[PDB]
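Lettering follows sequence order; numbering is per chain, from 1. For the numbers below, each heavy atom of this structure counts, side chains included, while hydrogens, waters and symmetry mates do not.
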Number of protein chains: 2
Amino acid sequence: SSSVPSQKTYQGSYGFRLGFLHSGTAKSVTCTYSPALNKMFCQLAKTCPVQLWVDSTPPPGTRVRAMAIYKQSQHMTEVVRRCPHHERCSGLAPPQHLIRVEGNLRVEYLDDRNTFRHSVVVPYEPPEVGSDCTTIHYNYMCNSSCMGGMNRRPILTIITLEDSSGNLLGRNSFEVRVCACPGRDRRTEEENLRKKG
Amino acid sequence: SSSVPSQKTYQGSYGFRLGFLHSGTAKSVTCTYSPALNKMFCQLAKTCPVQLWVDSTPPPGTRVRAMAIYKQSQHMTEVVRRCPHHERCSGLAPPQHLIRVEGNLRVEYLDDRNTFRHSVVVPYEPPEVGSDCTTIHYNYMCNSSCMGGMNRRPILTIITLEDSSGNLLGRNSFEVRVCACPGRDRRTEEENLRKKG
DNA sequence: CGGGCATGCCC
DNA sequence: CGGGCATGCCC
Ligand SMILES: [Zn+2]
Ligand SMILES: [Zn+2]
């Protein structure tokens, strides 16, 4: 069976979608999301807020899993991992994991025993009463360019909502470029899309 | 006592000097030496020929040691090592060593038990009869720019001629930039010296 | 091959 | 902070 996880959007019966905060205009804003590109530009090891929106309430026990895969066909079968430098200079998160969640006391880090893929899982909590969404704080612990890790290859973050039995309730994904200057790089790729895309 | 090794030239009683081969004009020539800068520009893990010239014959038992130190005052006390990526993707040479010698059956790699500095040593052989010099083939196993290793910091290679008792007979050093495009980078730094130096 | 992009860093 | 260098890589 395939060891490449699906990245196909599946908004499913709960109308699961992701949301992203607006950000400032700074060249090196800590994180900024491009709707045109469906791509987050963010700095390493800093907060990357991601909102979970649903139209209907997931059952008790639902989980929220994040996993990175390389976007390009030629790299999709290689597991996305922390580069050797950041692993050596690295609480619960194993040092080989690229994606962490901060501020959650129930985080689990998983190393799949068959596909070798890393994932990080937290329980689904429904929005607080006055609220339309639930926000998880992700961190990516290498730059996209890290030698011996992502090595400039774009990744997708796959977010899956899964019940406690392991049924797939919803799937969304967004591309990520972890970089020194998120504002600069987002503008550069939006301009490239307009001019050459 | 100091754990920073001397880099001061000491041509000594044997009139020990280093020589370098001329190279071609290519942008990415595999190695090229700048006399103006006393600096070798070379690609990683490829041959970097270095000639040993003496006016008088070293005694039997003499050794030839190579060791890297950071050139800049602010980095001189840090040991020069292979970056974590190239160490993990790495015969006798320990994977943490930046400098190797190829084609010598008597090479020794040393990790100083007090200063933690790495060195690689081969016996001195006098030039063959028709010859003015002895050539050792060094390899540098990271680029100067390697993240988590040299990290763009220029190094000096220190070459010492040492008798078997450990007396210093001669010392010379040359700066090194290990890079993708030795021809391009040598020309760039020579032009910078002329214009801004 | 040599022109020119890449992108963390400039000190 | 934003202009511009850096330098392995372009696919
Ligand atoms: Zn990294
Ligand atoms: Zn390296």
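To the nearest angstrom, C1' of C:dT7 lies 6 Å from CZ of A:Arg177. Protein atom CZ of B:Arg152 is 11 Å distant from nucleotide atom P of C:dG8, rounded to whole Å. In this structure, CZ of B:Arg187 is placed 16 Å from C1' of C:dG4, rounded to the nearest angstrom. If you measure from atom CE of A:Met147 to atom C1' of D:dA6, you get 15 Å, rounded to the nearest angstrom. In this structure, A:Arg186 places its CZ atom 18 Å from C1' of D:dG2, rounding to the nearest Å. Atom pair A:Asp185:CG and C:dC9:P shows a separation of 13 Å (rounding to whole Å applied). Remark: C1' of D:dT7 and CG of B:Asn143 are 9 Å apart, rounded to the nearest angstrom. In this structure, A:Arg153 atom CZ and D:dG8 atom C1' are separated by 15 Å, rounded to whole Å.
Along DNA chain C, the nucleotide closest to B:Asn151 and the one closest to B:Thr25 are compared, and the more 5′ of them pairs with B:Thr25. Two residues, A:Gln74 and B:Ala180, neighbour DNA chain D, and the one matched to the more 5' nucleotide by heavy-atom proximity is B:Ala180. Taking the nucleotide of DNA chain C with the nearest heavy atom to each of B:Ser28 and A:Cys146, the more 5' of the two is matched to B:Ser28.
Side chain of A:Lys27, nearest nucleotide from D:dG2, C:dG8, D:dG8: D:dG2. Each of C:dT7, C:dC1, D:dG2 was ranked by its minimum atom distance to the side chain of A:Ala26; first place goes to D:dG2.
As the counterpart of C:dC11, no nucleotide is assigned, since no Watson-Crick or G-U wobble pattern has both distances under 3.5 Å.
Note on B:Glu125 versus B:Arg106: no salt bridge recorded, every NZ/NE/NH1/NH2 to OD/OE distance being 4.0 Å or above.
Contact of the B:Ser34 side chain with the B:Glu190 side chain is registered, since non-hydrogen atoms from C-beta on lie closer than 4.5 Å.
Between A:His97 and A:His118, the ring-plane angle classifies as parallel under the 30° and 60° cut-offs.
Just one residue in the list A:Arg184, A:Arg194, A:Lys39 forms a salt bridge (charged side-chain N to carboxylate O under 4.0 Å, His left out) with A:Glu189, and that residue is A:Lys39.
Contact annotation: B:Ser145 does not reach the phosphate of D:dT7 (side-chain N/O to OP1 or OP2, under 4.0 Å).
In this model, a side-chain donor or acceptor of A:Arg184 finds a partner on the base of C:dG8 within 3.5 Å.
A:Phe174 and A:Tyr33 have their aromatic ring centers separated by at least 6.0 angstrom.
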